[PDB]
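What follows is start37.cif (mmCIF, C-alpha atoms and all ligand atoms).
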data_run
loop_
_atom_site.group_PDB
_atom_site.id
_atom_site.type_symbol
_atom_site.label_atom_id
_atom_site.label_comp_id
_atom_site.auth_asym_id
_atom_site.auth_seq_id
_atom_site.Cartn_x
_atom_site.Cartn_y
_atom_site.Cartn_z
ATOM 1 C CA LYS A 42 128.950 101.245 124.199
ATOM 2 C CA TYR A 43 125.139 101.634 124.610
ATOM 3 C CA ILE A 44 123.066 98.431 124.317
ATOM 4 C CA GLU A 45 119.267 98.373 124.902
ATOM 5 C CA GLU A 46 118.227 96.499 128.075
ATOM 6 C CA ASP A 47 115.885 94.030 126.243
ATOM 7 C CA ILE A 48 118.573 92.884 123.729
ATOM 8 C CA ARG A 49 121.271 92.969 126.528
ATOM 9 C CA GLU A 50 119.107 90.311 128.328
ATOM 10 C CA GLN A 51 118.983 88.180 125.102
ATOM 11 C CA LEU A 52 122.792 88.432 124.781
ATOM 12 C CA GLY A 53 123.060 87.268 128.417
ATOM 13 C CA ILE A 54 120.875 84.149 127.981
ATOM 14 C CA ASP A 55 122.616 83.320 124.633
ATOM 15 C CA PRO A 56 126.037 84.962 124.115
ATOM 16 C CA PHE A 57 126.668 82.726 121.010
ATOM 17 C CA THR A 58 124.296 84.575 118.585
ATOM 18 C CA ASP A 59 124.890 88.112 117.273
ATOM 19 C CA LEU A 60 121.539 89.894 117.027
ATOM 20 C CA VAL A 61 120.295 92.162 114.193
ATOM 21 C CA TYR A 62 117.587 94.636 115.263
ATOM 22 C CA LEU A 63 115.932 98.037 114.720
ATOM 23 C CA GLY A 64 117.532 101.130 116.313
ATOM 24 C CA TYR A 65 114.951 103.659 117.600
ATOM 25 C CA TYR A 66 114.265 105.902 120.610
ATOM 26 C CA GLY A 67 111.148 105.210 122.673
ATOM 27 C CA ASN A 68 108.247 103.178 121.236
ATOM 28 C CA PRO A 69 108.178 101.624 117.710
ATOM 29 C CA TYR A 70 105.570 104.114 116.470
ATOM 30 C CA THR A 71 105.561 107.122 114.128
ATOM 31 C CA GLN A 72 102.460 109.144 113.426
ATOM 32 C CA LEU A 73 102.734 110.660 109.935
ATOM 33 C CA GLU A 74 100.585 113.664 109.032
ATOM 34 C CA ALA A 75 98.814 114.202 105.717
ATOM 35 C CA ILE A 76 96.287 116.784 104.490
ATOM 36 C CA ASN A 77 93.372 116.627 102.024
ATOM 37 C CA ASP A 78 91.957 119.660 100.186
ATOM 38 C CA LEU A 79 88.780 117.789 99.049
ATOM 39 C CA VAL A 80 90.696 116.892 95.792
ATOM 40 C CA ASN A 81 94.095 115.268 96.646
ATOM 41 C CA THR A 82 95.915 114.002 99.766
ATOM 42 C CA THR A 83 99.416 115.420 100.389
ATOM 43 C CA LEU A 84 101.989 114.353 102.965
ATOM 44 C CA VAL A 85 103.057 116.995 105.488
ATOM 45 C CA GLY A 86 106.817 116.567 105.225
ATOM 46 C CA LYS A 87 109.075 113.879 103.777
ATOM 47 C CA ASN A 88 107.574 110.852 101.988
ATOM 48 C CA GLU A 89 110.630 108.688 102.999
ATOM 49 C CA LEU A 90 111.127 106.943 106.392
ATOM 50 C CA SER A 91 114.725 105.953 107.191
ATOM 51 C CA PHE A 92 115.140 103.193 109.857
ATOM 52 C CA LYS A 93 118.450 102.401 111.614
ATOM 53 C CA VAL A 94 119.411 98.679 111.663
ATOM 54 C CA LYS A 95 121.954 97.666 114.344
ATOM 55 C CA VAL A 96 124.030 94.457 114.879
ATOM 56 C CA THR A 97 125.290 93.649 118.421
ATOM 57 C CA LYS A 98 128.921 92.865 117.362
ATOM 58 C CA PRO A 99 130.866 93.294 114.053
ATOM 59 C CA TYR A 100 130.161 90.281 111.800
ATOM 60 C CA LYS A 101 132.676 88.385 109.546
ATOM 61 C CA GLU A 102 130.691 88.959 106.259
ATOM 62 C CA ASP A 103 128.157 91.427 104.715
ATOM 63 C CA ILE A 104 124.508 91.076 105.929
ATOM 64 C CA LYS A 105 121.760 92.205 103.508
ATOM 65 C CA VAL A 106 118.754 93.576 105.462
ATOM 66 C CA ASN A 107 115.357 94.935 104.392
ATOM 67 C CA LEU A 108 111.850 95.750 105.686
ATOM 68 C CA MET A 109 108.601 94.125 104.623
ATOM 69 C CA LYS A 110 104.928 94.900 105.128
ATOM 70 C CA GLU A 111 103.524 92.318 107.553
ATOM 71 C CA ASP A 112 99.865 93.342 108.065
ATOM 72 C CA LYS A 113 99.258 90.420 110.541
ATOM 73 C CA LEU A 114 101.098 92.477 113.280
ATOM 74 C CA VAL A 115 98.426 95.232 113.125
ATOM 75 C CA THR A 116 95.842 92.646 114.477
ATOM 76 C CA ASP A 117 97.787 92.257 117.834
ATOM 77 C CA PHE A 118 97.940 96.140 118.217
ATOM 78 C CA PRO A 119 94.204 97.128 118.423
ATOM 79 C CA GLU A 120 94.773 100.359 120.515
ATOM 80 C CA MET A 121 95.767 102.284 117.314
ATOM 81 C CA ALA A 122 94.138 100.045 114.590
ATOM 82 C CA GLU A 123 90.537 99.812 115.961
ATOM 83 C CA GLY A 124 88.496 100.282 112.744
ATOM 84 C CA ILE A 125 91.262 101.984 110.691
ATOM 85 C CA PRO A 126 92.013 100.635 107.167
ATOM 86 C CA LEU A 127 95.390 99.214 106.177
ATOM 87 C CA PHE A 128 97.717 101.471 104.177
ATOM 88 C CA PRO A 129 97.765 99.847 100.665
ATOM 89 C CA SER A 130 100.914 97.732 99.955
ATOM 90 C CA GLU A 131 101.160 99.111 96.381
ATOM 91 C CA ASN A 132 101.767 102.623 97.877
ATOM 92 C CA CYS A 133 104.936 101.315 99.818
ATOM 93 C CA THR A 134 108.441 101.062 98.296
ATOM 94 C CA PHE A 135 111.085 99.311 100.453
ATOM 95 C CA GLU A 136 114.804 100.055 99.847
ATOM 96 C CA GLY A 137 117.226 97.540 101.392
ATOM 97 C CA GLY A 138 120.448 98.021 103.354
ATOM 98 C CA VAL A 139 123.772 96.183 103.808
ATOM 99 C CA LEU A 140 125.627 95.852 107.147
ATOM 100 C CA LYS A 141 129.094 95.583 105.559
ATOM 101 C CA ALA A 142 131.625 93.221 107.264
ATOM 102 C CA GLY A 143 132.902 95.193 110.265
ATOM 103 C CA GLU A 144 130.054 97.759 110.425
ATOM 104 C CA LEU A 145 127.611 98.012 113.361
ATOM 105 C CA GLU A 146 124.800 100.014 111.612
ATOM 106 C CA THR A 147 122.999 100.552 108.289
ATOM 107 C CA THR A 148 119.674 102.074 107.113
ATOM 108 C CA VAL A 149 116.589 100.662 105.356
ATOM 109 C CA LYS A 150 114.113 103.041 103.634
ATOM 110 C CA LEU A 151 110.290 103.033 103.333
ATOM 111 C CA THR A 152 108.998 105.410 100.674
ATOM 112 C CA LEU A 153 105.270 106.339 100.460
ATOM 113 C CA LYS A 154 104.173 106.974 96.831
ATOM 114 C CA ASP A 155 100.962 108.076 94.979
ATOM 115 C CA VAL A 156 98.967 108.925 98.147
ATOM 116 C CA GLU A 157 96.865 111.557 96.191
ATOM 117 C CA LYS A 158 93.563 109.507 96.127
ATOM 118 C CA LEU A 159 94.020 107.963 99.683
ATOM 119 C CA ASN A 160 91.259 110.132 101.270
ATOM 120 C CA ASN A 161 90.071 108.041 104.274
ATOM 121 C CA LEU A 162 89.680 110.556 107.185
ATOM 122 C CA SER A 163 90.079 107.773 109.841
ATOM 123 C CA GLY A 164 93.660 107.503 108.521
ATOM 124 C CA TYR A 165 95.658 104.442 107.545
ATOM 125 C CA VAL A 166 97.790 102.085 109.599
ATOM 126 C CA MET A 167 100.587 99.674 108.811
ATOM 127 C CA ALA A 168 103.100 97.322 110.409
ATOM 128 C CA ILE A 169 106.558 96.431 109.056
ATOM 129 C CA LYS A 170 109.098 93.764 110.103
ATOM 130 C CA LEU A 171 112.867 93.514 109.659
ATOM 131 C CA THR A 172 114.214 90.649 107.472
ATOM 132 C CA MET A 173 117.573 89.128 106.391
ATOM 133 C CA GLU A 174 118.175 87.978 102.805
ATOM 134 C CA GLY A 175 120.479 84.960 103.199
ATOM 135 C CA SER A 176 121.364 82.429 105.880
ATOM 136 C CA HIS A 177 124.256 83.545 108.139
ATOM 137 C CA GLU A 178 125.770 81.347 110.904
ATOM 138 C CA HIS A 179 125.378 82.416 114.608
ATOM 139 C CA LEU A 180 123.285 85.428 113.523
ATOM 140 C CA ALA A 181 119.568 86.160 113.956
ATOM 141 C CA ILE A 182 116.935 88.911 114.038
ATOM 142 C CA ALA A 183 116.281 89.825 117.726
ATOM 143 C CA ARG A 184 113.025 88.584 119.360
ATOM 144 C CA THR A 185 112.075 92.170 120.360
ATOM 145 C CA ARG A 186 112.911 95.421 118.418
ATOM 146 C CA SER A 187 112.282 93.667 115.012
ATOM 147 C CA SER A 188 108.918 95.319 114.053
ATOM 148 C CA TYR A 189 107.622 98.908 113.660
ATOM 149 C CA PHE A 190 104.186 100.603 113.406
ATOM 150 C CA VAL A 191 103.240 103.620 111.250
ATOM 151 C CA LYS A 192 99.945 105.565 111.346
ATOM 152 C CA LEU A 193 99.071 108.014 108.618
ATOM 153 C CA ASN A 194 96.823 110.629 110.259
ATOM 154 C CA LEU A 195 94.644 112.469 107.712
ATOM 155 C CA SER A 196 92.941 115.865 108.221
ATOM 156 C CA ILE A 197 91.124 118.330 105.881
ATOM 157 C CA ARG A 198 92.871 121.598 104.900
ATOM 158 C CA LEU A 199 91.946 123.682 101.865
ATOM 159 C CA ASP A 200 94.616 125.529 99.847
ATOM 160 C CA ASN A 201 92.614 128.752 100.047
ATOM 161 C CA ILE A 202 95.064 131.172 101.769
ATOM 162 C CA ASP A 203 97.331 133.426 99.648
ATOM 163 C CA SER A 204 100.588 134.414 101.441
ATOM 164 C CA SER A 205 101.832 136.977 98.826
ATOM 165 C CA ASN A 206 101.097 139.841 101.314
ATOM 166 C CA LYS A 207 99.810 141.982 98.387
ATOM 167 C CA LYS A 208 97.440 144.805 99.491
ATOM 168 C CA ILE A 209 93.796 143.620 99.516
ATOM 169 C CA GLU A 210 91.593 145.230 96.854
ATOM 170 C CA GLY A 211 88.209 145.159 98.579
ATOM 171 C CA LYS A 212 86.109 147.373 100.872
ATOM 172 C CA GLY A 213 87.597 147.537 104.382
ATOM 173 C CA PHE A 214 85.709 147.575 107.702
ATOM 174 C CA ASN A 215 85.966 146.712 111.454
ATOM 175 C CA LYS A 216 83.476 148.877 113.526
ATOM 176 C CA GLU A 217 80.812 146.146 113.502
ATOM 177 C CA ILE A 218 83.366 143.291 114.144
ATOM 178 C CA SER A 219 83.590 141.701 117.651
ATOM 179 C CA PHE A 220 86.622 139.777 118.998
ATOM 180 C CA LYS A 221 87.146 136.813 121.336
ATOM 181 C CA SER A 222 90.401 135.321 122.639
ATOM 182 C CA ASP A 223 91.685 132.962 125.364
ATOM 183 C CA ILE A 224 94.434 135.511 126.307
ATOM 184 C CA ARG A 225 94.120 139.242 127.240
ATOM 185 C CA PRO A 226 90.376 139.488 126.354
ATOM 186 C CA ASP A 227 90.306 142.884 128.176
ATOM 187 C CA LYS A 228 92.835 144.275 125.567
ATOM 188 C CA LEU A 229 90.770 143.324 122.436
ATOM 189 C CA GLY A 230 89.211 146.833 122.111
ATOM 190 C CA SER A 231 92.485 147.980 120.480
ATOM 191 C CA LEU A 232 91.859 145.686 117.447
ATOM 192 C CA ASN A 233 89.209 148.119 115.997
ATOM 193 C CA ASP A 234 90.211 151.532 117.509
ATOM 194 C CA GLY A 235 91.788 154.126 115.185
ATOM 195 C CA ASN A 236 95.386 153.139 116.094
ATOM 196 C CA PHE A 237 97.372 150.850 113.756
ATOM 197 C CA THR A 238 100.898 151.172 115.317
ATOM 198 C CA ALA A 239 100.139 150.868 119.120
ATOM 199 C CA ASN A 240 99.981 147.428 120.770
ATOM 200 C CA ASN A 241 97.831 146.104 123.639
ATOM 201 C CA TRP A 242 96.918 142.505 122.524
ATOM 202 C CA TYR A 243 99.485 139.790 121.721
ATOM 203 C CA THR A 244 99.807 135.999 122.062
ATOM 204 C CA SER A 245 102.171 134.166 124.454
ATOM 205 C CA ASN A 246 102.068 130.564 123.005
ATOM 206 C CA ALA A 247 100.981 128.407 120.016
ATOM 207 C CA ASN A 248 97.699 127.446 121.815
ATOM 208 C CA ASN A 249 96.440 131.077 121.904
ATOM 209 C CA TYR A 250 93.929 132.199 119.266
ATOM 210 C CA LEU A 251 92.107 135.302 117.976
ATOM 211 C CA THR A 252 88.469 134.976 116.805
ATOM 212 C CA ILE A 253 86.849 137.537 114.459
ATOM 213 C CA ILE A 254 83.050 137.564 114.871
ATOM 214 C CA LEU A 255 80.973 139.186 112.088
ATOM 215 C CA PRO A 256 77.404 140.517 112.749
ATOM 216 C CA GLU A 257 75.934 138.243 110.002
ATOM 217 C CA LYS A 258 76.976 135.782 107.254
ATOM 218 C CA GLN A 259 78.997 137.588 104.540
ATOM 219 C CA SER A 260 81.513 136.861 101.760
ATOM 220 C CA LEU A 261 85.048 137.985 102.832
ATOM 221 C CA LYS A 262 88.069 138.580 100.561
ATOM 222 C CA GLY A 263 90.638 138.603 103.420
ATOM 223 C CA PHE A 264 92.150 140.601 106.334
ATOM 224 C CA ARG A 265 94.768 143.268 107.183
ATOM 225 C CA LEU A 266 96.455 142.432 110.506
ATOM 226 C CA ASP A 267 98.728 145.238 111.767
ATOM 227 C CA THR A 268 101.647 143.642 113.556
ATOM 228 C CA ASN A 269 105.053 144.573 114.998
ATOM 229 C CA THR A 270 107.687 146.305 112.768
ATOM 230 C CA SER A 271 110.789 144.847 114.518
ATOM 231 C CA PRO A 272 113.890 144.499 112.240
ATOM 232 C CA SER A 273 114.644 141.195 114.128
ATOM 233 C CA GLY A 274 111.060 140.021 113.543
ATOM 234 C CA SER A 275 110.082 139.896 117.257
ATOM 235 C CA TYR A 276 106.269 139.937 117.621
ATOM 236 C CA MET A 277 105.933 140.422 113.786
ATOM 237 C CA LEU A 278 103.337 137.940 112.440
ATOM 238 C CA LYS A 279 104.912 135.517 109.905
ATOM 239 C CA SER A 280 102.539 132.546 109.817
ATOM 240 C CA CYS A 281 99.233 131.234 111.213
ATOM 241 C CA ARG A 282 96.421 128.701 110.560
ATOM 242 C CA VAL A 283 93.169 130.306 109.276
ATOM 243 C CA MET A 284 90.004 128.497 110.593
ATOM 244 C CA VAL A 285 86.631 129.567 109.150
ATOM 245 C CA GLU A 286 83.186 128.961 110.725
ATOM 246 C CA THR A 287 80.810 128.192 107.885
ATOM 247 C CA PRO A 288 77.055 129.122 107.958
ATOM 248 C CA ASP A 289 76.139 125.558 109.164
ATOM 249 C CA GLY A 290 78.424 125.904 112.272
ATOM 250 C CA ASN A 291 81.286 123.613 111.129
ATOM 251 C CA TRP A 292 84.923 124.866 111.482
ATOM 252 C CA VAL A 293 87.148 124.359 108.395
ATOM 253 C CA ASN A 294 90.929 124.953 107.997
ATOM 254 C CA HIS A 295 91.248 127.166 104.862
ATOM 255 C CA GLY A 296 95.073 126.914 104.829
ATOM 256 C CA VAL A 297 98.230 128.277 106.400
ATOM 257 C CA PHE A 298 99.244 131.921 106.020
ATOM 258 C CA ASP A 299 103.069 132.060 105.818
ATOM 259 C CA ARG A 300 104.429 135.317 104.367
ATOM 260 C CA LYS A 301 107.986 136.041 103.213
ATOM 261 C CA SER A 302 107.781 139.911 103.341
ATOM 262 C CA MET A 303 108.837 141.618 106.640
ATOM 263 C CA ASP A 304 106.775 144.718 107.612
ATOM 264 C CA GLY A 305 104.071 145.918 110.031
ATOM 265 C CA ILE A 306 101.070 145.197 107.713
ATOM 266 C CA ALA A 307 100.130 141.511 107.186
ATOM 267 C CA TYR A 308 97.576 140.941 104.365
ATOM 268 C CA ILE A 309 95.882 137.522 104.679
ATOM 269 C CA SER A 310 93.855 136.815 101.481
ATOM 270 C CA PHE A 311 91.385 134.097 100.538
ATOM 271 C CA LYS A 312 92.180 132.658 97.046
ATOM 272 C CA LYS A 313 88.408 132.161 96.647
ATOM 273 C CA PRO A 314 86.204 134.535 98.792
ATOM 274 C CA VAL A 315 84.295 132.604 101.512
ATOM 275 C CA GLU A 316 80.864 133.125 103.161
ATOM 276 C CA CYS A 317 81.417 132.921 106.923
ATOM 277 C CA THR A 318 80.134 133.990 110.349
ATOM 278 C CA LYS A 319 83.522 133.840 112.171
ATOM 279 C CA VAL A 320 87.270 133.484 111.368
ATOM 280 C CA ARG A 321 89.836 132.223 113.953
ATOM 281 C CA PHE A 322 93.617 132.634 113.712
ATOM 282 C CA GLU A 323 95.596 129.835 115.431
ATOM 283 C CA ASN A 324 99.256 128.771 115.827
ATOM 284 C CA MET A 325 100.418 132.383 115.289
ATOM 285 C CA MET A 326 104.230 132.469 114.831
ATOM 286 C CA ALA A 327 106.499 135.541 114.525
ATOM 287 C CA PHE A 328 109.426 135.923 112.034
ATOM 288 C CA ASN A 329 111.925 135.341 114.905
ATOM 289 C CA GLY A 330 110.437 131.792 115.304
ATOM 290 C CA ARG A 331 108.764 132.445 118.726
ATOM 291 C CA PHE A 332 104.980 131.823 119.074
ATOM 292 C CA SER A 333 104.165 135.377 120.234
ATOM 293 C CA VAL A 334 102.793 137.954 117.757
ATOM 294 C CA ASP A 335 101.365 141.488 118.057
ATOM 295 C CA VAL A 336 98.019 142.360 116.466
ATOM 296 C CA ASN A 337 97.587 146.159 116.682
ATOM 297 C CA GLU A 338 94.513 146.453 114.389
ATOM 298 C CA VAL A 339 92.265 144.009 112.408
ATOM 299 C CA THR A 340 90.513 145.060 109.150
ATOM 300 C CA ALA A 341 88.250 142.723 107.097
ATOM 301 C CA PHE A 342 87.486 143.173 103.335
ATOM 302 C CA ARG A 343 84.226 142.497 101.322
HETATM 303 MG MG MG A 401 126.079 101.792 104.614
HETATM 304 MG MG MG A 402 94.364 149.320 116.913
#
As structure tokens, please, write out the structure in this file.
Ligand SMILES: [Mg+2]
Ligand SMILES: [Mg+2]
Amino acid sequence: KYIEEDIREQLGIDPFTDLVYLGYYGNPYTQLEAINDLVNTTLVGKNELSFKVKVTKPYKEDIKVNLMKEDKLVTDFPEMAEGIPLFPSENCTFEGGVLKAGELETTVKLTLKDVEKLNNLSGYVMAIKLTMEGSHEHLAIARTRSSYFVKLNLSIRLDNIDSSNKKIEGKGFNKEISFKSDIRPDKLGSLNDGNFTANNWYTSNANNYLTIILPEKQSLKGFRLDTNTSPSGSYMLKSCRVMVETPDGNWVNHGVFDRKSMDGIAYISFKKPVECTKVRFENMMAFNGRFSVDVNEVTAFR
């Protein structure tokens, strides 16, 4: 059986106390992601955190275990909590667990509720410690592996990208548009030639991007990105993050494009048209799941 080296040392110095502790790989730290649309904060993913609670040897009776918010532990961890507010206690809901007589593991749940108005961009931080309800003989919470740290990272993202893939009803153009990219810059001339079905430019990883540079500030309705027509979805654009450079020079995430219709013409539409100087597509994923997409032609709409 696998036993962690730190609690194996405790069992060596005192083999007459079964230890109850937190089961986790690596460090006791989870960075949760949330997004704000200048109205409400939303968690990216599940709002529940399930923690494994282990006991070193099967115990004679049931052990009730639970987590609690001990904010004092954040003070001795200043690397992550330097000037970051505490996650409010009222927004935590702790569900207990029971290591039933004979069992070696159980789970304890931390549920984050009503985060909507928690809009601090610095994020929030919190510390939690494992506890036992009653008094059990020759049983204790381990010295180490008894506390955990959670950071809620917050970032702005508007819900201004429509992924319906419906044809854009605007006035199309691309002669005056210029393009910049970190990969294959020499092949960007194909993005505004006459050809919609031939490929020259494509991404090779999630860190590649494609920037659309307009001649001047102008209100755009969306874009038509011609992509691959593979039946398997290889190199066919499925999803991407749409960054927009505003007139003051700040870059804002207008949302995630993530279509459900498979074809060679991707229509990325702004729910509310936006005045911008540049638009940058990032984290471009194909329908086959690989981060490599074809862009055969780019057309903007006013
Ligand atoms: Mg159970
Ligand atoms: Mg072309």
Point to revise | Explicit residue set for the PyMOL selection byres (((not hetatm)) within 12 of (chain A and resi 401)), as a VMD selection string | key: chain A and resid 93 to 95 103 to 106 137 to 149
Expand the PyMOL selection byres (((chain A and resi 198-200) around 7) and not hetatm) into the explicit residue set it covers here, and present it as a compact mmCIF listing (two decimals) with C-alpha atoms, keeping the file's coordinate frame.
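The result, stored in selection-v6.txt:
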# COMPACT_ATOMS: atom_id res chain seq x y z
CA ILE A 76 96.29 116.78 104.49
CA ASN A 77 93.37 116.63 102.02
CA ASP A 78 91.96 119.66 100.19
CA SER A 196 92.94 115.86 108.22
CA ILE A 197 91.12 118.33 105.88
CA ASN A 201 92.61 128.75 100.05
CA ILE A 202 95.06 131.17 101.77
CA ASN A 294 90.93 124.95 108.00
CA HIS A 295 91.25 127.17 104.86
CA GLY A 296 95.07 126.91 104.83
At most 10 Å from ligand MG 402 (chain A) (only C-alpha atoms and all ligand atoms): residue list as a PDB file with C-alpha atoms, in the frame of the given file:
ATOM      1  CA  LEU A 229      90.770 143.324 122.436  1.00  0.00           C
ATOM      2  CA  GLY A 230      89.211 146.833 122.111  1.00  0.00           C
ATOM      3  CA  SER A 231      92.485 147.980 120.480  1.00  0.00           C
ATOM      4  CA  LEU A 232      91.859 145.686 117.447  1.00  0.00           C
ATOM      5  CA  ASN A 233      89.209 148.119 115.997  1.00  0.00           C
ATOM      6  CA  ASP A 234      90.211 151.532 117.509  1.00  0.00           C
ATOM      7  CA  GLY A 235      91.788 154.126 115.185  1.00  0.00           C
ATOM      8  CA  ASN A 236      95.386 153.139 116.094  1.00  0.00           C
ATOM      9  CA  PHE A 237      97.372 150.850 113.756  1.00  0.00           C
ATOM     10  CA  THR A 238     100.898 151.172 115.317  1.00  0.00           C
ATOM     11  CA  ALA A 239     100.139 150.868 119.120  1.00  0.00           C
ATOM     12  CA  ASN A 240      99.981 147.428 120.770  1.00  0.00           C
ATOM     13  CA  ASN A 241      97.831 146.104 123.639  1.00  0.00           C
ATOM     14  CA  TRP A 242      96.918 142.505 122.524  1.00  0.00           C
ATOM     15  CA  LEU A 266      96.455 142.432 110.506  1.00  0.00           C
ATOM     16  CA  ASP A 267      98.728 145.238 111.767  1.00  0.00           C
ATOM     17  CA  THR A 268     101.647 143.642 113.556  1.00  0.00           C
ATOM     18  CA  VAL A 336      98.019 142.360 116.466  1.00  0.00           C
ATOM     19  CA  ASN A 337      97.587 146.159 116.682  1.00  0.00           C
ATOM     20  CA  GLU A 338      94.513 146.453 114.389  1.00  0.00           C
ATOM     21  CA  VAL A 339      92.265 144.009 112.408  1.00  0.00           C
ATOM     22  CA  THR A 340      90.513 145.060 109.150  1.00  0.00           C
TER      23      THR A 340
END
Practice item. Specify as an MDAnalysis selection string each residue included when the PyMOL selection byres (((chain A and resi 297-311) around 7) and not hetatm) is applied to this file. Key: chainID A and resid 201:209 262:270 277 279:283 296 312:314
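Between atom CA of residue 101 of chain A and atom CA of residue 59 of chain A the interatomic distance comes to 11.0 Å.
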Practice item. Compare A:331, A:58, A:343, A:71 by their minimum atom-to-atom distance to residue 177 of chain A, counting all atoms listed in the file, and give me the closest one. Key: A:58
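You will find atom CA of residue 82 of chain A at 19.4 Å from atom CA of residue 292 of chain A.
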Practice item. Just give me the gap between atom CA of residue 327 of chain A and atom CA of residue 224 of chain A in Å, one decimal is fine. Key: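 Computed distance, atom CA of residue 327 of chain A to atom CA of residue 224 of chain A, equals 16.9 Å.
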Complete the atoms of segment 316-327 of chain A to N, CA and C atoms and put them out as a tab-separated table (two decimals), in the coordinates of the input.
chain	number	residue	atom	x	y	z
A	316	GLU	N	81.98	132.69	102.31
A	316	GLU	CA	80.86	133.12	103.16
A	316	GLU	C	81.09	132.53	104.54
A	317	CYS	N	81.16	133.39	105.57
A	317	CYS	CA	81.42	132.92	106.92
A	317	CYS	C	80.81	133.85	107.96
A	318	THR	N	80.66	133.30	109.17
A	318	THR	CA	80.13	133.99	110.35
A	318	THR	C	81.29	134.43	111.25
A	319	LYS	N	82.33	133.57	111.37
A	319	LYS	CA	83.52	133.84	112.17
A	319	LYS	C	84.79	133.32	111.48
A	320	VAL	N	85.94	133.90	111.84
A	320	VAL	CA	87.27	133.48	111.37
A	320	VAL	C	88.17	133.46	112.60
A	321	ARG	N	88.97	132.39	112.79
A	321	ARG	CA	89.84	132.22	113.95
A	321	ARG	C	91.27	131.95	113.52
A	322	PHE	N	92.20	132.77	114.01
A	322	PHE	CA	93.62	132.63	113.71
A	322	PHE	C	94.26	131.83	114.82
A	323	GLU	N	94.95	130.73	114.47
A	323	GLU	CA	95.60	129.84	115.43
A	323	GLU	C	97.06	129.62	115.07
A	324	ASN	N	97.84	129.09	116.02
A	324	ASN	CA	99.26	128.77	115.83
A	324	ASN	C	100.02	129.97	115.22
A	325	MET	N	99.82	131.15	115.81
A	325	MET	CA	100.42	132.38	115.29
A	325	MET	C	101.89	132.48	115.68
A	326	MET	N	102.78	132.39	114.67
A	326	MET	CA	104.23	132.47	114.83
A	326	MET	C	104.80	133.76	114.26
A	327	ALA	N	105.80	134.33	114.96
A	327	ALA	CA	106.50	135.54	114.52
A	327	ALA	C	107.66	135.18	113.59
